[PDB]
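A lone chain, given as structure tokens: the form deposited in one PDB entry.
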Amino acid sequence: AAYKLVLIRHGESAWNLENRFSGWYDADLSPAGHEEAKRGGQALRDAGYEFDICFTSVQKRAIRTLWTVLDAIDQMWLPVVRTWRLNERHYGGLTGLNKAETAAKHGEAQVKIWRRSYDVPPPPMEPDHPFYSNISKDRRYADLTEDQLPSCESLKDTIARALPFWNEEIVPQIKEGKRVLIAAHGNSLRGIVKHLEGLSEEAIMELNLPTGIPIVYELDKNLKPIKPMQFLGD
């Protein structure tokens, strides 16, 4: 086809292992997550993939995944663009809580409702939240407007601030013929996949992208996929 696009979700984070809601908390890769990013890199290398430009979030689990991939494929020299707009979903008050704490405080019913809903957000991260200053006052978000910096996000909110970056900064590069690598997060990548395949809310909430595995799209000139997404590996 005309174009080729590659996506990868960051490998396992240290809070993926603790089973805690990271969201905008900047958790690093776990050692296993680093190995995942490395195997994804080796997969892209064995298949001879070349890129011209890379996009990622401002979160180090995604960034380190990109670094590990670029290292594996000997393309550390590529231009890299970072944006908060490819960040993980902001999980508001749930940030920092594990499964048990979440259920204990909100109940199994409320947790299932949040879990299965597309447009209902978790509660907001309030100023007394233990990660409030760590996230909301981080200087990497200093240039965001009052409206842009979320206290919480539904999957809808997430996709809503992710697709403008896709349309305005990524799409033109692709149509310029640049071969794009996007290393990011499950939910921000869900936005892109939903747009690409024209999926429904139910369908996208059913899609679970695996950590650290390359996802290949073959696109026509209008960025319509000519076939289903493909995973790279062994």
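Here the rigid core means the biggest group of C-alpha atoms that line up within 1.5 Å when the two forms are laid on top of each other. Residues carry their position along the shown sequence, with the first being 1.
When the mean C-alpha temperature factors of 152 to 160 and 73 to 81 are read from the deposited coordinates, 152 to 160 comes out higher. Stretches 205 to 213 and 174 to 182 differ in mean CA B factor, with 205 to 213 having the higher one. Within the selection 86, 104, 111, 97, the deposited Cα B-factor values reach their highest point at 111. Comparing the C-alpha B-factors of 187, 57, 65, 200 in the entry, the top value falls on 200.
A second form of this protein, the form deposited in another entry, is not displayed here; the remarks below concern that form.
Core-based superposition between the shown form and the other one leaves all of 71, 119, 138, 108 but one with CA shifts under 2 Å; the exception is 108. Once both forms are fitted on their rigid core, the CA atom of residue 220 lies less than 2 Å apart between the shown form and the other one.
Once the cores line up, the CA of residue 15 ends up 2 angstroms or more apart between the shown form and the other one. Relative to this form, residue 18 and residue 42 approach one another in the other form, with their C-alpha atoms ending up at least 3 Å closer.
Compared with the form shown here, the Cα atoms of residue 86 and residue 18 move at least 3 Å closer together in the other form.
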